[PDB]
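Engineer: Attaching a single structure in structure tokens format; questions to follow.
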Amino acid sequence: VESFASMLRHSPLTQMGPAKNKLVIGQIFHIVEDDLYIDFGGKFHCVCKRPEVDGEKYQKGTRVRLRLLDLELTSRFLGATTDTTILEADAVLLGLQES
Amino acid sequence: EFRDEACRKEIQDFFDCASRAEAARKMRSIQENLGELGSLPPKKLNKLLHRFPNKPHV
């Protein structure tokens with residue numbers, strides 16, 4: 001039986017370090033007319049817009065490349081006891097995954 | 001001597017300005033509500049804020 005502490009040490013999330021400026025691949029699980037809901041393995045799902053080039057091949061289950069900036073968008077405003085989360089993540093599109 | 005026998009050029013422009021001002025005044029109200037100048041109307045912002053309210057208590 002592997003102790004839980006050992007699992008965190010070798011987990012890919014811990015090996016990433018800071019989430020800012022990290023090249024992480026993700027998979028699309030929901031498609032709107034202009035918004036691509038991408039899951040990159042983090043806690044939440046980042047949202048990006050379809051690029052004007054090769055936009056027809058961004059379908060469900062397609063793998064894309066992301067540049068994570070904040071793992072979870074969250075800020076504190078005055079008069080708020082607890083921070084108001086956005087339940088999303090911030091990322092940008094660098095293209096499609098090169099199979 | 002208050003005769004428009006030679007003021008025709010000025011009289012027409014005064015009518016043109018009145019029509020021009022009338023057109024802009026009777027159309028500004030309707031379009032400005034949804035034009036939004038790039039910023040959402042007050043009704044949309046109120047709904048957006050209600051989805052992510054502020055927490056003074058607890």
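Engineer: Give A:42, A:61, A:26 a once-over and let me know the one that is surrounded by 15 or more Cβ atoms within 10 Å (Cβ to Cβ) and not in a strand (DSSP E or B).
Structural biologist: Exactly one of A:42, A:61, A:26 is surrounded by 15 or more Cβ atoms within 10 Å (Cβ to Cβ) and not in a strand (DSSP E or B), namely A:42.
Engineer: Somewhere in the range A:1-12, is a residue small (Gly, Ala, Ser), surrounded by fewer than 15 Cβ atoms within 10 Å (Cβ to Cβ) and within 26 Å of residue B:53 (Cα to Cα)?
Structural biologist: no
Engineer: Just one of A:76, A:67 is within 14 Å of chain B (Cβ to nearest Cβ) and basic (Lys, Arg); which is it? Spell out the reasoning first.
Structural biologist: Working: A:67 fails: within 14 Å of chain B (Cβ to nearest Cβ).
Of A:76, A:67, the one residue that is within 14 Å of chain B (Cβ to nearest Cβ) and basic (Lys, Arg) is A:76.
Engineer: Here's another thing I want to ask about it. Check whether at least one residue in the range B:13-30 is away from every other protein chain (no Cβ under 14 Å), surrounded by 10 or more Cβ atoms within 10 Å (Cβ to Cβ) and within 30 Å of residue A:77 (Cα to Cα), and report yes or no.
Structural biologist: No, because not a single residue in the range B:13-30 is away from every other protein chain (no Cβ under 14 Å), surrounded by 10 or more Cβ atoms within 10 Å (Cβ to Cβ) and within 30 Å of residue A:77 (Cα to Cα).
Engineer: Go through (1) touching a residue at least 40 places away in the same chain (Cβ under 8 Å); (2) more than 30 Å from residue B:49 (Cβ to Cβ); (3) among the acidic types (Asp, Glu) and name the single condition residue A:52 misses.
Structural biologist: Failed condition: (1).
Throughout, read-outs are computed from the coordinates displayed, never taken from laboratory work. Counting neighbours? That spans all protein chains shown, and the Cβs are built from the backbone with ideal geometry, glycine included.
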